[PDB]
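Coordinates from coords_27.cif are shown below (mmCIF, N, CA and C atoms).
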```cif
data_protein
#
loop_
_atom_site.label_atom_id
_atom_site.label_comp_id
_atom_site.auth_asym_id
_atom_site.auth_seq_id
_atom_site.Cartn_x
_atom_site.Cartn_y
_atom_site.Cartn_z
N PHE D 1 0.84 -1.23 0.00
CA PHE D 1 0.00 0.00 0.00
C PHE D 1 0.86 1.26 0.00
N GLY D 2 0.36 2.31 -0.65
CA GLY D 2 1.08 3.58 -0.73
C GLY D 2 0.46 4.66 0.14
N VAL D 3 -0.88 4.74 0.12
CA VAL D 3 -1.62 5.73 0.90
C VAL D 3 -2.92 5.14 1.44
N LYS D 4 -3.03 5.09 2.77
CA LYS D 4 -4.21 4.56 3.45
C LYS D 4 -5.38 5.55 3.40
N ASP D 5 -5.07 6.84 3.60
CA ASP D 5 -6.07 7.89 3.57
C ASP D 5 -5.90 8.78 2.34
N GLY D 6 -6.78 8.58 1.35
CA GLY D 6 -6.73 9.36 0.12
C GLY D 6 -8.02 10.14 -0.11
N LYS D 7 -8.82 9.67 -1.07
CA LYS D 7 -10.09 10.31 -1.41
C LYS D 7 -11.23 9.28 -1.40
N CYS D 8 -11.14 8.30 -2.31
CA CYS D 8 -12.14 7.25 -2.42
C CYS D 8 -11.48 5.86 -2.35
N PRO D 9 -12.24 4.76 -2.02
CA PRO D 9 -11.68 3.39 -1.94
C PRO D 9 -11.48 2.73 -3.32
N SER D 10 -11.23 3.56 -4.35
CA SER D 10 -11.01 3.11 -5.75
C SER D 10 -12.26 2.44 -6.34
N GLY D 11 -12.96 3.20 -7.19
CA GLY D 11 -14.17 2.70 -7.84
C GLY D 11 -15.44 3.12 -7.13
N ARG D 12 -15.54 4.42 -6.84
CA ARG D 12 -16.71 4.98 -6.15
C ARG D 12 -17.24 6.22 -6.88
N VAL D 13 -18.50 6.56 -6.62
CA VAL D 13 -19.15 7.72 -7.24
C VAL D 13 -18.99 8.97 -6.35
N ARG D 14 -18.55 10.08 -6.96
CA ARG D 14 -18.35 11.33 -6.24
C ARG D 14 -19.55 12.26 -6.40
N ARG D 15 -19.89 12.95 -5.31
CA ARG D 15 -21.02 13.89 -5.26
C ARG D 15 -20.71 15.03 -4.30
N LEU D 16 -20.88 16.29 -4.78
CA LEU D 16 -20.64 17.52 -3.99
C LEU D 16 -19.16 17.71 -3.59
N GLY D 17 -18.29 16.80 -4.06
CA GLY D 17 -16.86 16.89 -3.76
C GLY D 17 -16.34 15.70 -2.97
N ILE D 18 -17.25 14.84 -2.49
CA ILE D 18 -16.86 13.65 -1.71
C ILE D 18 -17.74 12.45 -2.05
N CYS D 19 -17.10 11.28 -2.16
CA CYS D 19 -17.78 10.03 -2.49
C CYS D 19 -18.25 9.30 -1.23
N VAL D 20 -19.33 8.53 -1.37
CA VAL D 20 -19.91 7.77 -0.25
C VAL D 20 -20.48 6.42 -0.73
N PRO D 21 -20.63 5.39 0.18
CA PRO D 21 -21.17 4.08 -0.20
C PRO D 21 -22.70 4.09 -0.34
N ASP D 22 -23.20 3.33 -1.32
CA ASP D 22 -24.64 3.24 -1.57
C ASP D 22 -25.19 1.85 -1.24
N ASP D 23 -24.48 0.80 -1.67
CA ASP D 23 -24.90 -0.59 -1.42
C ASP D 23 -24.28 -1.16 -0.14
N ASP D 24 -23.11 -0.64 0.24
CA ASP D 24 -22.40 -1.09 1.44
C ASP D 24 -22.87 -0.35 2.70
N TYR D 25 -23.08 0.97 2.57
CA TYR D 25 -23.52 1.80 3.69
C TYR D 25 -24.75 2.63 3.29
#
```

Would you mind writing the structure in this file as structure tokens?
Amino acid sequence: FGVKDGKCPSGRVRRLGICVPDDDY
């Protein structure tokens, strides 16, 4: 691993500037 805290968990949808889970959370 290179970076634990980035932006998204790779393969997520972004909205308003930040991505969130739909089916998982």

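For residue 8 in chain D, the non-local neighbours within 8 Å, defined as residues at least 6 positions apart in the same chain or in other chains and counting all atoms listed in the file, are residues 18, 19 and 20 of chain D.
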
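The two atoms in question, atom C of residue 5 in chain D and CA of residue 22 in chain D, are spaced 19.9 Å apart.
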
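Note that the spacing between CA of residue 21 in chain D and CA of residue 9 in chain D amounts to 9.7 Å.
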
Give the centre and edge lengths of an axis-aligned box, in Å to one decimal, that holds all listed atoms of range 8-20 of chain D with 5 Å on each side, as AutoDock Vina command-line options.
```
--center_x -16.0 --center_y 10.1 --center_z -4.0 --size_x 20.0 --size_y 25.3 --size_z 17.6
```
